[PDB]
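Asker: pasting the sequence and an experimental structure:
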Amino acid sequence: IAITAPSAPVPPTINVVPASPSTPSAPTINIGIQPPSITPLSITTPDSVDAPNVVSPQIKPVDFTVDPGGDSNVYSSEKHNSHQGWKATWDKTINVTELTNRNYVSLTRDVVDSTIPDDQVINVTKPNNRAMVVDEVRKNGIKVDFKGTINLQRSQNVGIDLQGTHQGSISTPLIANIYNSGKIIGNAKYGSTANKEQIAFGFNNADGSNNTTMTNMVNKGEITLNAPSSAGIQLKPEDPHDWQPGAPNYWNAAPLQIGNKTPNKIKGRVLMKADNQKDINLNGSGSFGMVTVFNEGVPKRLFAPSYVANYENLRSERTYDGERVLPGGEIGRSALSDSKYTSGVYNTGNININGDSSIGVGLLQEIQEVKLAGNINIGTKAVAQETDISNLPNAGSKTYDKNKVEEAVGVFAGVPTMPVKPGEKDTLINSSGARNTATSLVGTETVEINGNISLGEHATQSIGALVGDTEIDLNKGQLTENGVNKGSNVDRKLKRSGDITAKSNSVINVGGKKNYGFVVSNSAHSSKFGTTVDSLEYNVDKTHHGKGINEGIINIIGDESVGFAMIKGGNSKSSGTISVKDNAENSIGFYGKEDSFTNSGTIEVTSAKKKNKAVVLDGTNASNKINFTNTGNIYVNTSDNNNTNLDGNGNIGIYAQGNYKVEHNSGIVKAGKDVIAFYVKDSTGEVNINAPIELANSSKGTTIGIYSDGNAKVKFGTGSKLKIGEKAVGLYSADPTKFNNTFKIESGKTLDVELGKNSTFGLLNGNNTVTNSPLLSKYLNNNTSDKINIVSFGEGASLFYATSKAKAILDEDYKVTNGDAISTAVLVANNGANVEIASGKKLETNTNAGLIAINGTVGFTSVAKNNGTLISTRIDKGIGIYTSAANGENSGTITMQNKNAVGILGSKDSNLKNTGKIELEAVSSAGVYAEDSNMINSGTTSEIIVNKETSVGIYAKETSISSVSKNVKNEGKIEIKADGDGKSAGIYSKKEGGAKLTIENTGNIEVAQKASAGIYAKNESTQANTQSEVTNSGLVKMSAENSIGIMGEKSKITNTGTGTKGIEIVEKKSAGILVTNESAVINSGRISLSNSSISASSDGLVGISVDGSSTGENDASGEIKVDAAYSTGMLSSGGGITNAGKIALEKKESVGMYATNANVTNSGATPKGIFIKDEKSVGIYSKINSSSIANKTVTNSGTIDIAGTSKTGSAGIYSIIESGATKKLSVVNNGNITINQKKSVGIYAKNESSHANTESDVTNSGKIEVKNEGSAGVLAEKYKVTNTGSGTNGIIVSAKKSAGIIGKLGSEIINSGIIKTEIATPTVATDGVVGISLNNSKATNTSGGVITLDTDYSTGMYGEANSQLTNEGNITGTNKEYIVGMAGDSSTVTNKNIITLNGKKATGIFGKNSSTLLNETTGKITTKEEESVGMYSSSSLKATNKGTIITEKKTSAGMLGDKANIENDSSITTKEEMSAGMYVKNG
């Protein structure tokens, strides 16, 4: 009968206020690029010389004189012909015998001129004779024309001859003109006997004749000689000793005996002139056509043993009666100035030389004049060479040819010509020594030719014009050579050498094979006589004798023939052209070895043909100590200074091997154009250059003083003033494998060279044959002054030029402080070559560009490796190295100083390999730059560093040019130790094409300046986040707050990171993944930031942040790890957010999903979603402020979980609106949200003012798992709560002492759905459940929500501390006893709605603790179960009742007393059985 009631426990309150982080700002970016254009230089390619062996055949004596037998005793013109000249009638078969028998026809002392008609044929039967002799015919100008046929058969025979006369006068020399139209032939065989010394015409005499004798001969017939060593026309000076026959017998004795010598002033000085006016054909070998023999006197045949003892030969200077005749012989001086008294040699006809090793025209004694204007042909007639026909049996030596003529010579010079000078005193000498004079110059100074001298096609290494010596012995006489009198002792040799001059009228048409055009094989033997008899003085004189004076054209119609070839002799004066008439090959002009010959003339290649070389200067062949004392006139192939032609190419100035050097030390030297002075070979050749040079600007090609294939010991030294202007090149090379040792440079030998424009140190191709890379690190090496300094440049020039698979190394440091404009870059790699940058190299620059690489023919992979310190300091756009179709590699340090500087750049489908360290200490600069190519960072030593703001690291662009994917790879560490709050980035990606780009980082990236991040990409156009997507398997770390982690456009990311891999952020305000244009992420890996000391309020971070153009979402395997306090996983701004992975919360004051001005979505469910572990936090929380314009909300369709049997201090759903902000922030629940923690709240919203709460909205269309005791469903302060859950959705309150709905003062409590208590009956009394609880506030139950009570002793609404409770909603509860909905403790209660209940002894209202009730009748209670009462009073001094009670159920009562005694006066109808309104529990 003692009915009591329990008491509800006190509910908790929560105040969680998490952090308010912010979104960081992406930095601005982008830098331009400039490409350089290289200068289009020129090329030249020489080669070497094979074998210019100059074998010079020697001269041989031709002393083949016949005895002057005089008249005959059977046909004397006096006793048999009556002095009427030639007798017209004779026998056609006269058998002429030798001179001893005198069977020859003789004609002497005639007054009638006679000749021979055509019909004659005469042979010779014996040697040493004349078929017929026409002697002593002065006749003062005889003139006839011979027409008979003459034949030669034995040796020492004469075809026909007309000799001079002993009668004449000094002032009127004789004039002659003889014609000879006949045929003369000298054959090669006499049975089986050899034939030689057969002479056609000539001059010879034993006894003296008249000096004033002057004669002329005109050739008119056919001349043929087939005996080897024959003689066409012979000229001789007469003996000044004037040897005489055996007087008084004289010429009667047979053979002649020379019986006396009569030297005299006016004896032995005759004059002679010869002329060929027809065809001379020489078939014999080693012969003479027209030669001036040496005046040796006579062979010993006329020297009897009685007179061999007093054999005083012309082997000494000869003086008689006061004469001063030079040793060896002399032709007298002429003063009557006319060509008809000019005694010498001249020709107009033709000479046909075909015998092997023969002489065209020979000079053996000094004569008055030698000028030649005829046809000198050697080897132009094909003949089958045979023994004693045109060759001789070999003497164990060189074999003579059968079809070609070899060792043949044309002009032979062993002595010069000595004409009459204007001051010269003539030889017009009277008997008493009375002598005339001359007032002018007659004849040319030396050997002269004005006619065509030609070598035939059969000419093989034959000689055109030979300047040789003449080695003749001498008697016991005085000797003097370059010093004191020798007093004999040293051998006495007739040292004689001649000199030749030529004119363009004399075309030297040398032809055939390797023929020796004009070889000065002499020794320049210039000889003079002293003040006494037998006096001789010798020197190397370059004025008097033995020189080379060239003025004429030397026509090289054959191939690889040589002209002026130098074995010995010293100097010569060159002023005439030597040219190749055709496309002949390897023609060499100068084979020089000795004293400085002077080139006072041009020597070039005036033809399209090339590969023929100019001058070979090497060690002296036949004189001591390589006499290259070259300081004379050196004027070759240049554009000025005594040589104004530069035509052709392949011209050389120096060619040498072995013992050679150059010694230019005085005067002036002028270098050629498109010609190279130096080119040498082998491995031991040294060069000395110390003379200052003068240069003119280079030609269409390129000019350089020095070149070699890389194999010379060329040296530089101070003193040689060097200069360049306008498109020349300092160092030229086509073969760098050996070039490394070419130029040794010694300290202090700094060379001063100044340059114009379009120039370059290194021109290199390598000929695709670079076996060895030249270690070129010496020319401006930093160690010592063993450098070369060529600094004076204009603008538009380069340093090194690499083509054709060449290779070279930057020396050390070199700079060109002469312009940063176009065509001024350090070096260019062309045709796909490779160059190496050694470590420690310091090619600093201020110019336009550094290294440029471009591929032509591939050959070898286009790549250059950097190991040195490469820095640029150009004022604007200083680019370090560039590659096109070429791979860039570095392993050293690269920095930069000035603005807009650029490091390594690649393009055109290549890759970039980084191994070195790059630091960005400058501004407005990018280290590695790329476009339409690949790249990679190789190894952790590949270090990318930034030291200042306004600079970016990796830069790669893509386009529509190639639609194949590229890649951006990193294996090194990118630690950015920069400054400033931003303005710096590490890796940057661009695209405009239709392809896709792969970007992955496996190495490390770090940033130490604020507001900066490494990854950032351009993927703006219409595509998903998988084309320029960035995936990470590397490490993303940081060192400065306010910064950013992941940045970019349209990318998909995974956290492939374990250990020291992934993303690590330990400081403030540095978001992990901020995204633009819809980027997604896989969060399976390390997001362990370890920030804010996980318990300290010192930092604040965000895992992933999003913008309006993006929706941030996590992979289903995503593991978003809260390793920091006051941090966040999801930051949302404008765009959308959705979770598909796992989102935990391990640290304090964090949030998985935080949203600003954006909507919140969850799809991750079963078993995905949000799983909160730590406390003082909420899984998802979004807030907006007065400044927030976006009307956004929060949605739930996933799993949000936090649980705890001892954890508390948190809430399920959180969202705040700041006071005064009418922005309508709301939350909707439709997912799973477990609240199994202690004292938590499913949905929380905080208020700051009593404003109109229509903006804040709280609806629960989903489910809340209230299974943990003591917690609360939802709390709010002056906000609107709508219980929109129905059935298993919404208010699932299933815990003991737990609370469904509680509100603060003036809270808008609304019920519009299910309100179902815990189904489980309490395990102990008073352990019921409460739905509504109040504390000095107001609550509004609404009938729109159904309130269901199933826990025993549970309550629907609860109130305390003067709380005013308003009831308007439905009340339901069944299957349990008591379960009073209304329990009150010290409060004012008003009832408005009618209450219904089920269960035994169910009661609607229960009052406790001095509580009082107004007792409104409308708040009545409907009784459904038996023994149920409506009112309950317990421990209440105040009680008011003014209404009747209607009972309609059995055992049901009205008023009920509890442990008290109060009496009143009221009556209530008890019409039903046992249904009365009153009963008492106390007696």
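Answerer: Noted; the coordinates are in hand. Residues are numbered from 1 along each chain as shown.
Asker: which SS class is residue 1227?
Answerer: With DSSP: H, G, I helix; E, B strand; the rest coil as the basis, residue 1227 sits in strand.
Asker: from residue 860, how far out is it?
Answerer: With distances taken as Cβ to Cβ, to the nearest Å, residue 1227 is found 68 Å from residue 860. Where you see a C-beta, it was placed from the backbone N, CA and C, and this is true even at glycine.
Asker: shouldn't residue 732 be in contact with residue 704?
Answerer: Yes: using Cβ atoms under 8 Å, residue 732 is in contact with residue 704, at 5.1 Å.
Asker: need the contact list for residue 931.
Answerer: Contacts of residue 931 were listed using Cβ atoms under 8 Å, 6 or more residues apart in numbering, and they are 906-907, 956-959.
Asker: need those in TSV (columns: neighbour count, distance to residue 584 and secondary structure).
Answerer: Putting the contacts of residue 931 into TSV (neighbours: other Cβ atoms under 10 Å; distance: Cβ to Cβ, whole Å; DSSP: H, G, I helix; E, B strand; the rest coil) gives the following:
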residue	neighbour count	distance to residue 584	secondary structure
906	27	51	strand
907	23	49	strand
956	27	59	strand
957	20	58	strand
958	25	59	coil
959	14	57	coil
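Asker: which of the residues you listed sits closest to residue 853?
Answerer: Using Cβ to Cβ, the shortest approach to residue 853 within the contacts of residue 931 belongs to residue 906, at 8.5 Å.
Asker: kindly state the beta-bridge partners for that closest one.
Answerer: With DSSP bridges applied, residue 906 shows beta-bridge pairing to residue 883, residue 930.
Asker: surely it touches residue 912?
Answerer: Yes: if you go by Cβ under 8 Å, residue 906 and residue 912 touch, sitting 4.7 Å apart.
Asker: give me the common contacts of these two.
Answerer: Counting by Cβ under 8 Å, 6+ apart, the contacts common to residue 906 and residue 912 are 883, 887-888, 930, 933, 935.
Asker: could I get these in a markdown table, plus columns for neighbour count and distance to residue 1428?
Answerer: Conversion of those to a markdown table gives the following (neighbours: other Cβ atoms under 10 Å; distance: Cβ to Cβ, whole Å):
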| residue | neighbour count | distance to residue 1428 |
| --- | --- | --- |
| 883 | 27 | 97 |
| 887 | 22 | 95 |
| 888 | 30 | 94 |
| 930 | 27 | 88 |
| 933 | 25 | 90 |
| 935 | 25 | 86 |
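Asker: as CSV, those residues with distance to residue 8 would be great.
Answerer: Conversion of the shared contacts of residue 906 and residue 912 to CSV gives the following (distance: Cβ to Cβ, whole Å):
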residue, distance to residue 8
883, 82
887, 81
888, 79
930, 73
933, 76
935, 72
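Asker: roughly how far apart are the residue nearest to the spatial centre of the chain and residue 851?
Answerer: The centroid of the chain falls nearest to residue 829 when counting by Cα atoms, centre = their mean (1.9 Å). In this structure, residue 829 lies at 7 Å from residue 851, with Cβ to Cβ as the measure.
Asker: now do the shared contacts for these two.
Answerer: If you check residue 829 and residue 851 against Cβ under 8 Å, 6+ apart, the residues they both contact are 835, 864.
Asker: hang on, the earlier thing: more neighbours: residue 1227 and residue 860, which one.
Answerer: More neighbours surround residue 1227 than the other of residue 1227 and residue 860, with 23 against 15 (other Cβ atoms under 10 Å).
Asker: please name the bridge partners of the more buried one.
Answerer: Partner residues in beta bridges with residue 1227, using DSSP bridges, are residue 1194, residue 1258.
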